[PDB]
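Everything below concerns the one structure shown next.
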Amino acid sequence: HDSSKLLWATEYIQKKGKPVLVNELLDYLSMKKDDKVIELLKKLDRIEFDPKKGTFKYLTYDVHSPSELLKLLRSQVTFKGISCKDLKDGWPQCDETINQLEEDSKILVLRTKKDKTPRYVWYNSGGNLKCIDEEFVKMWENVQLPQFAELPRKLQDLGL
Amino acid sequence: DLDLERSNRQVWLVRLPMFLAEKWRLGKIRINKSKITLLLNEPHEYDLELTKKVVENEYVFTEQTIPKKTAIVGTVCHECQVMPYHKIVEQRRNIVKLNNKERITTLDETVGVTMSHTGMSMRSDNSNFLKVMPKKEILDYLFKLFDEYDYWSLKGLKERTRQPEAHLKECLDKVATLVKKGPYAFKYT
């Protein structure tokens, strides 16, 4: 089949990771000297094809800078969210930038430090607030709220 | 296509004793003008009583929603009943009241043999009952299976290609997309 040569050609040009000449791409694939693979590659928007010489661009996301990361975050407010694969494939080692992007400049959820950490891509404002002492958090969870209308009465007796 | 043949035929119904009836399962009837008998072949003669003289609304038919072939025989003419060396028949009737069953058999052995066959006896079985890779070539074969049919489950592909399954999974995660829902659920296309 020629479709296996198409997907093998796309996986090969993804193994290269940089734009090369079309004729050089046909020479690297040895027996893949078909033009229908080149045409189906022109029909494919996953690997953008520049008509100037031989250039093959790769999209998931063009985000590789913290600013582009902030913009891609702003394009997810009141919607959904992507995953970690697209960012780590578009830019190597994103977790380092996440650790450098302090206070809601890049958030995640640390689950396990043994399974590449399934990430998260959302934005707010501060989010840090780790200066709150653990003792104050323990004293915050031990407070049992008076349910029903007892709480407003207990607050109106104190004057708040 | 049910059709009445005649019905004009006159038939007599007979309630026979069990030994002669099971024997019938030939004789000569002697009609004596209001008492009639029967001279069987050597053997007894039998008086047959006029059980019911008038016997209307009773007929006889034969069979050759599901309709079947139905034929009509004849009208019932007289209800009858055969009445019966009678001492031998009376003795046979007394003799039928002697049916018995076999009692439970007591095994007389030295017990230790049977008790050895009960639990563990170092003897099992003896009866059958309720006993009950290059990635490129694999990719090409997968595209051949796609040529046969685009939709196939991954387990079925693992049952058709017949090879180590890890390499086949890696070959399916590159060129094929896994649909999890819909009618083609758990299938690569």
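Lettering and numbering for the structure tokens are positional, with chains as A, B, ... in the shown order, residues counted from 1 in each chain, and ligands counted from 1 in the shown order.
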At most 9 Å is the cut-off: for each residue in chain B with any atom that close to an atom of chain A, write down the nearest atom pair and the distance in Å rounded to one decimal, counting only C-alpha atoms, chain first then increasing number, as a tab-separated table.
residue	atom	partner	partner_atom	distance
B:136	CA	A:8	CA	8.9
B:139	CA	A:4	CA	7.2
B:140	CA	A:4	CA	6.7
B:143	CA	A:1	CA	6.9
B:144	CA	A:1	CA	7.6
B:147	CA	A:1	CA	8.8
B:174	CA	A:11	CA	8.3
B:175	CA	A:7	CA	6.4
**Asked** Looking only at the backbone, which of the residues in chain B does DSSP tag as strand (DSSP E or B), as a PyMOL selection string?
**Response** chain B and resi 3-13+28-32+35-39+45+47-52+59-63+70-83+152-153+178-179+187-188
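Excluding stretch 29-38 of chain B and any residue on its chain fewer than 5 positions from it, the residues at most 9 Å away by only C-alpha atoms are residues 44, 45, 46, 47, 48, 49, 50 and 82 of chain B.
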**One-decimal distance in Å that lies between atom CA of residue A:61 and atom CA of residue A:86** =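 Atom CA of residue A:61 lies at a distance of 6.3 Å from atom CA of residue A:86.
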**Shell of 12 Å around residue B:186, only C-alpha atoms, local chain residues under 5 positions omitted, as a list in words** =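 Residues meeting the cut-off are residues 151, 152, 153, 154, 155, 156, 157, 176, 177, 178, 179, 180 and 181 of chain B.
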With N, CA and C atoms retained, could you export that selection as a tab-separated table (two decimals), in the first residue's frame?
chain	number	residue	atom	x	y	z
B	151	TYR	N	-12.52	-1.49	9.62
B	151	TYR	CA	-12.88	-1.56	11.03
B	151	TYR	C	-12.57	-2.96	11.57
B	152	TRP	N	-11.66	-3.03	12.53
B	152	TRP	CA	-11.33	-4.28	13.20
B	152	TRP	C	-10.94	-3.98	14.64
B	153	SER	N	-11.37	-4.85	15.56
B	153	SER	CA	-10.98	-4.71	16.95
B	153	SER	C	-9.52	-5.10	17.13
B	154	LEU	N	-8.87	-4.49	18.12
B	154	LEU	CA	-7.46	-4.76	18.36
B	154	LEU	C	-7.25	-6.21	18.80
B	155	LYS	N	-8.19	-6.76	19.57
B	155	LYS	CA	-8.08	-8.16	19.98
B	155	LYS	C	-8.22	-9.09	18.79
B	156	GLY	N	-9.14	-8.78	17.87
B	156	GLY	CA	-9.26	-9.58	16.66
B	156	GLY	C	-8.02	-9.53	15.80
B	157	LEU	N	-7.40	-8.35	15.70
B	157	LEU	CA	-6.14	-8.23	14.98
B	157	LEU	C	-5.05	-9.05	15.66
B	176	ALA	N	-2.87	3.95	13.02
B	176	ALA	CA	-4.31	3.79	13.18
B	176	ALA	C	-4.79	4.55	14.41
B	177	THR	N	-6.02	5.07	14.32
B	177	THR	CA	-6.66	5.77	15.42
B	177	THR	C	-7.66	4.84	16.10
B	178	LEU	N	-7.65	4.84	17.43
B	178	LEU	CA	-8.50	3.96	18.22
B	178	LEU	C	-9.80	4.68	18.56
B	179	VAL	N	-10.91	4.16	18.03
B	179	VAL	CA	-12.24	4.62	18.39
B	179	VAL	C	-12.72	3.81	19.59
B	180	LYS	N	-13.13	4.52	20.64
B	180	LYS	CA	-13.55	3.93	21.90
B	180	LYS	C	-15.06	3.82	22.04
B	181	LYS	N	-15.81	4.71	21.40
B	181	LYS	CA	-17.27	4.75	21.50
B	181	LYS	C	-17.88	4.46	20.13
**Message:** as a list in words, please: the residues near stretch 73-76 of chain A (cut-off 9 Å, only C-alpha atoms, same-chain neighbours under 5 positions excluded).
**Reply:** residues 68, 81, 82, 106, 121, 122 and 123 of chain A
Could you write out the selected residues, including C-alpha atoms, as an mmCIF file, in the first residue's frame?
data_model
loop_
_atom_site.group_PDB
_atom_site.id
_atom_site.type_symbol
_atom_site.label_atom_id
_atom_site.label_comp_id
_atom_site.auth_asym_id
_atom_site.auth_seq_id
_atom_site.Cartn_x
_atom_site.Cartn_y
_atom_site.Cartn_z
ATOM 1 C CA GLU A 68 2.691 32.093 24.116
ATOM 2 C CA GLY A 81 -8.335 22.669 28.274
ATOM 3 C CA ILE A 82 -5.638 20.658 26.508
ATOM 4 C CA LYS A 106 1.545 28.427 34.939
ATOM 5 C CA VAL A 121 -3.167 24.140 31.807
ATOM 6 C CA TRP A 122 -5.218 26.894 33.466
ATOM 7 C CA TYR A 123 -4.623 30.424 34.727
#
**Request:** Could you tell me how far atom CA of residue A:102 lies from atom CA of residue A:128, in Å and to one decimal?
**Result:** 7.6 Å
**Item:** Selection: 10 Å around stretch 116-120 of chain A, only C-alpha atoms, excl. self and same-chain fewer than 3 positions, as number ranges by chain
**Value:** A: 81-85, 95, 106-113, 123
Using only N, CA and C atoms, please write the residues we just selected to a file, as a JSON list (two decimals), in the first residue's frame.
[["chain", "number", "residue", "atom", "x", "y", "z"],
["A", 81, "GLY", "N", -9.77, 22.61, 28.10],
["A", 81, "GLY", "CA", -8.33, 22.67, 28.27],
["A", 81, "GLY", "C", -7.64, 21.50, 27.62],
["A", 82, "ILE", "N", -6.40, 21.71, 27.17],
["A", 82, "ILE", "CA", -5.64, 20.66, 26.51],
["A", 82, "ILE", "C", -4.94, 19.80, 27.55],
["A", 83, "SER", "N", -3.90, 19.08, 27.14],
["A", 83, "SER", "CA", -3.17, 18.20, 28.04],
["A", 83, "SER", "C", -1.69, 18.57, 28.09],
["A", 84, "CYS", "N", -0.86, 17.62, 28.52],
["A", 84, "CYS", "CA", 0.58, 17.83, 28.62],
["A", 84, "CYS", "C", 1.32, 17.41, 27.36],
["A", 85, "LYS", "N", 0.78, 16.43, 26.63],
["A", 85, "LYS", "CA", 1.48, 15.84, 25.49],
["A", 85, "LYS", "C", 1.82, 16.90, 24.45],
["A", 95, "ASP", "N", 7.86, 21.38, 32.32],
["A", 95, "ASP", "CA", 7.72, 21.42, 33.78],
["A", 95, "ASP", "C", 8.73, 22.37, 34.41],
["A", 106, "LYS", "N", 1.74, 29.73, 35.55],
["A", 106, "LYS", "CA", 1.54, 28.43, 34.94],
["A", 106, "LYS", "C", 1.24, 27.40, 36.03],
["A", 107, "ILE", "N", 0.01, 26.92, 36.08],
["A", 107, "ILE", "CA", -0.46, 26.05, 37.14],
["A", 107, "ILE", "C", -0.41, 24.61, 36.66],
["A", 108, "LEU", "N", -0.44, 23.68, 37.61],
["A", 108, "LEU", "CA", -0.62, 22.26, 37.31],
["A", 108, "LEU", "C", -1.13, 21.58, 38.58],
["A", 109, "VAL", "N", -1.22, 20.25, 38.53],
["A", 109, "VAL", "CA", -1.60, 19.44, 39.68],
["A", 109, "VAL", "C", -0.59, 18.31, 39.80],
["A", 110, "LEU", "N", 0.28, 18.38, 40.81],
["A", 110, "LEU", "CA", 1.26, 17.33, 41.07],
["A", 110, "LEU", "C", 0.55, 16.10, 41.61],
["A", 111, "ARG", "N", 0.49, 15.04, 40.80],
["A", 111, "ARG", "CA", -0.15, 13.80, 41.22],
["A", 111, "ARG", "C", 0.88, 12.81, 41.74],
["A", 112, "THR", "N", 1.73, 12.29, 40.86],
["A", 112, "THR", "CA", 2.77, 11.35, 41.24],
["A", 112, "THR", "C", 4.08, 11.73, 40.56],
["A", 113, "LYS", "N", 5.17, 11.62, 41.31],
["A", 113, "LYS", "CA", 6.51, 11.90, 40.79],
["A", 113, "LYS", "C", 7.17, 10.64, 40.24],
["A", 123, "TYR", "N", -5.21, 29.17, 34.28],
["A", 123, "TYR", "CA", -4.62, 30.42, 34.73],
["A", 123, "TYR", "C", -5.62, 31.18, 35.59]]
**Message:** Residues within 10 Å of residue A:105, please, as an MDAnalysis selection string. Count only C-alpha atoms; anything in the same chain fewer than 4 positions from it doesn't count.
**Reply:** chainID A and resid 66:67 69:70 73 97:101 122:128
